[PDB]
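**Student:** Got a structure for you, questions after.
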RNA sequence: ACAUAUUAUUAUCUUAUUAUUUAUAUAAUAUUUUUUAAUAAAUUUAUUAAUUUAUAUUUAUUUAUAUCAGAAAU
RNA sequence: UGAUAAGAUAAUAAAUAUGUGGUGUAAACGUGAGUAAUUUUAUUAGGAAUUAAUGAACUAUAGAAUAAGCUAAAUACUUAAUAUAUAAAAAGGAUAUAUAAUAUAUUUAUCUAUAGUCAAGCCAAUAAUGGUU
RNA sequence: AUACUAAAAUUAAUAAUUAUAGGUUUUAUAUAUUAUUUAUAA
RNA sequence: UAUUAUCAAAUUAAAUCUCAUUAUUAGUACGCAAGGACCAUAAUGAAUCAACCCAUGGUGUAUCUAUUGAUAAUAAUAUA
Ligand SMILES: [Mg+2]
Ligand SMILES: [Mg+2]
Ligand SMILES: [Mg+2]
Ligand SMILES: [Mg+2]
Ligand SMILES: [Mg+2]
Ligand SMILES: [Mg+2]
Ligand SMILES: [Mg+2]
Ligand SMILES: [Mg+2]
Ligand SMILES: [Mg+2]
Ligand SMILES: [Mg+2]
Ligand SMILES: [Mg+2]
Ligand SMILES: [Mg+2]
Ligand SMILES: [Mg+2]
Ligand SMILES: [Mg+2]
Ligand SMILES: [Mg+2]
Ligand SMILES: [Mg+2]
Ligand SMILES: [Mg+2]
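Chains as they are written, first to last, in the entry's author numbering: chain MM, 58 to 167; chain 5, 38 to 327; chain O, 34 to 58.
Encoded structure:
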């Protein structure tokens, strides 16, 4: 996971990537979450970093913040990489515009 | 991880590659398409799980088969059923049927006859697959020198160390062997000596049709002392050496023949590094049967 | 957008024809 | 005084689907083909990566236009 | 038939419509929600834009049944050669003649051309309830 | 620590040991481009 | 109860003191039935209080980026 967000890694997670969070089944009864990375939040402590993701399920918009080093998630998979249209580290401004995420699971399954 | 095991893995991956769907091969074996495979997420046979990535696949070398054949265990489906599973493929696919070469028949025969001990299974398998090969447009594999001559080698091996006196059955078996042969290339190796030996052993008079009286002129092995060249030169003539060894061991009329023994001596000169495979197989068969 | 554009064009043609009729009369 | 419904309209909001548009691709598969590292036997041309290369391709669409439905309004 | 209990070939008699594939639900049955006629119905010894390469599926004649692939295999799907100037198409299933896979007949299937038949698209004229509060 | 006070840390430069503030250097954070981009070596 | 550095007792001045629901006991005791407990425990909360900033939210005239208009400056060549 450190290499996943390592600033020294060209192929790191950036705002705009759509990712899937997979939870460990033995430790919790959660379901995988597909979300659009609004922000990668890194702090002084490496273990205490988080992902802010967004997804418009049907017509209800949810955003989820996950601790990237919580032992309840095994891995996070990149479903589709970001595009160069957006021009910031944190894409908060997409909320409510034509840049907004939409139904990611439906789009992927299309 | 034995050499036979790694060869089995290689040929298994080869046959899996050829048996997988054509439209799917680009998304199973082309690393450039890994992300596309991840996105489109195909299911496995009977929808077991998503398709797994695999590396590219290159042609398969010939030695991978005979290597395991010689380095087989006393009994296992891994080699017992390999021929059946390999031939249980559509004649349409070309690689699976063109990989088999005429020089592999006498390779498979030895392991079943000596180490595995279930030679009846292989002899049984070599019946319904003849016409399948004919459709697969590769009929040259069952030739004379590597298939007919080796068949009579195995037949005489059966008759020796065991009790055999059925002249009528011997005649019928010779005739059906001639039937099974479907590629007429008569070379240095001559089966006239063998058929005469079986005839005098079992009381039956040699009878065949279309056979040629080609004199035995096995290429003499030189006095080379090289490495890879030496071992390859020995490898390309291993079989006829075994033919000559069986002839010397059994045929007492072999005195008039001189090419066989001189070729044997030259091959042994080339083989000074190891022992004689003919008596090696004799020992293996004796200890496994007793 | 385009609907407003074509609607304005239609009214423009309407009023131009009306002006032509009035001038002729 | 005023209240609640139903229907219909557009110079008006979002809008699933498809249809026409434009538009760049290790292109996604190939074809195609500079081709190039090899394969591999008893001494081979797909088979990957890539490298064609305009052919189709696709989904991004790059930009627009129509459209189920539901918002306000008259 | 492997000199041993292995896997096949060929025949007689059977099994499978939970595997691929073909045909049949553009009909018939029911109903009247819509619909007042710029897009519906009825009627003309009506018209042309002098109407698809239209056969949909049976008749009457002629002809044709081929190569690659993909599927486990095909009468499944794809790309390719002619055949009334067009880039214009297909299919095999059951005897007897032939081995120490085809050539011919009978059977039903497949494809194309020209007519028939049943059938199709679009027009004209006249008519089709009430309200001008 | 705090209105001024008061409280607390350090005032090392050594025949033996201490980092208070700034500056400096590293490792991170933020910002938003980024292999094409890095300086490199070879 | 006569120094200094440090650790500190008894005291004194205050603060605090809580209250619901649910569950078990137990549908038991009590009741023709309807209804239905005291005695106890546990859990979740309320209300008040105290502290903290690892995380989340706000700020953040530290900082970085984009942008509208006007003006001025340094560096390059060019000319004098
Ligand atoms: Mg079926
Ligand atoms: Mg109907
Ligand atoms: Mg009716
Ligand atoms: Mg045909
Ligand atoms: Mg067909
Ligand atoms: Mg000093
Ligand atoms: Mg300090
Ligand atoms: Mg300092
Ligand atoms: Mg120091
Ligand atoms: Mg004290
Ligand atoms: Mg008290
Ligand atoms: Mg108390
Ligand atoms: Mg209080
Ligand atoms: Mg904080
Ligand atoms: Mg902090
Ligand atoms: Mg925060
Ligand atoms: Mg903060």
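Each residue gets a CB set at the ideal place from its N, CA and C atoms; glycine is no exception.
1. Thinking C-alpha only, which one of 296 (chain 5), 276 (chain 5) and 150 (chain 5) is nearest residue 109 (chain 5)?
2. Using a threshold of 8 Å, state whether the C-beta atoms of residue 271 (chain 5) and residue 308 (chain 5) are closer than that.
3. Output needed for residue 137 (chain 5): all residues of its chain with C-beta closer than 6 Å, excluding positions within five of it in sequence on either side, in chain order.
4. Ignoring anything shorter than 4 residues or poking outside the stretch 86 to 110 of chain 5, list the alpha helix (DSSP H) runs there in chain order.
5. Please report the straight-line C-alpha distance between residue 104 (chain 5) and residue 45 (chain 5), rounded to a whole angstrom.
6. Touch check for the stretch 130 to 139 of chain MM and the stretch 73 to 89 of chain MM: three-plus C-beta pairs under 8 Å?
7. So the beta strand (DSSP E) residue 77 (chain MM) belongs to, where does it begin and stop?
8. Per DSSP, which one or two residues make a beta bridge with residue 37 (chain O)?
9. Any contact between the stretch 264 to 281 of chain 5 and the stretch 232 to 247 of chain 5? By contact I mean 3 or more CB pairs, one from each, below 8 Å.
10. Tell me whether residue 323 (chain 5) sits in a helix, a strand or coil according to DSSP, three-state version.
11. If you drop the 5 nearest sequence neighbours on each side, which residues of the same chain put their C-beta closer than 8 Å to that of residue 254 (chain 5)?
12. Considering only the alpha carbon of each residue, which of 67 (chain MM), 130 (chain MM), 149 (chain MM) and 138 (chain MM) lies closest to residue 76 (chain 5)?
13. Check whether the Cβ atoms of residue 204 (chain 5) and residue 240 (chain 5) sit closer than 8 Å, and answer yes or no.
14. Decide if residue 168 (chain 5) is buried, meaning its Cβ has at least 16 other Cβ atoms within 10 Å, or exposed.
15. For the alpha helix (DSSP H) that contains residue 160 (chain 5), what are its first and last residues?
16. Let me make sure I understand the geometry here. Which of 62 (chain 5), 229 (chain 5), 314 (chain 5) and 80 (chain 5) has the alpha-carbon closest to that of residue 107 (chain 5)?
17. Quick one: is residue 152 (chain 5) buried, meaning 16 or more other Cβ sit within 10 Å of its Cβ, or exposed?
18. Hey, how far is the Cα of residue 58 (chain MM) from the Cα of residue 115 (chain MM)?
19. Between which two residues does the alpha helix (DSSP H) holding residue 46 (chain 5) run?
20. Select from 118 (chain 5), 182 (chain 5) and 84 (chain 5) the residue whose C-alpha is nearest the C-alpha of residue 279 (chain 5).
21. List the residues that DSSP assigns as beta-bridge partners of residue 118 (chain MM).
22. Alpha helix (DSSP H) containing residue 282 (chain 5): first to last residue?
23. Considering only residues of the same chain and omitting the five flanking positions on each side of residue 73 (chain 5), which have a CB-CB separation below 8 Å?
24. What number of angstroms, rounded off, separates the C-alpha of residue 120 (chain 5) from the C-alpha of residue 188 (chain 5)?
25. How far does the beta strand (DSSP E) with residue 135 (chain MM) in it extend, from its first residue to its last?
26. How would you write the range of the beta strand (DSSP E) that residue 90 (chain MM) sits in, first residue to last?
27. Going by C-alpha to C-alpha distance, which of 243 (chain 5), 206 (chain 5) and 185 (chain 5) sits closest to residue 217 (chain 5)?
28. Run the CB neighbour count on residue 304 (chain 5), radius 10 Å, all protein chains shown included, and call it buried at 16 or more, exposed below.
29. Residue 258 (chain 5): which of 219 (chain 5), 264 (chain 5), 154 (chain 5) and 299 (chain 5) sits nearest, CA to CA?
30. Ends of the alpha helix (DSSP H) at residue 63 (chain 5)?
31. Suppose contacts are defined by Cβ-Cβ distances below 8 Å. Is residue 306 (chain 5) in contact with residue 238 (chain 5) by that definition?
**Tutor:** Quick look at the numbers:
1. 150 (chain 5)
2. yes
3. 178
4. 100 to 107
5. 9 Å
6. yes
7. 75 to 80
8. None; residue 37 (chain O) has no bridge partner.
9. no
10. helix
11. 225 and 296
12. 138 (chain MM)
13. yes
14. exposed
15. 156 to 162
16. 314 (chain 5)
17. buried
18. 31 Å
19. 40 to 56
20. 182 (chain 5)
21. 113 (chain MM)
22. 275 to 287
23. 64
24. 17 Å
25. 130 to 137
26. 90 to 98
27. 185 (chain 5)
28. buried
29. 299 (chain 5)
30. 63 to 66
31. no
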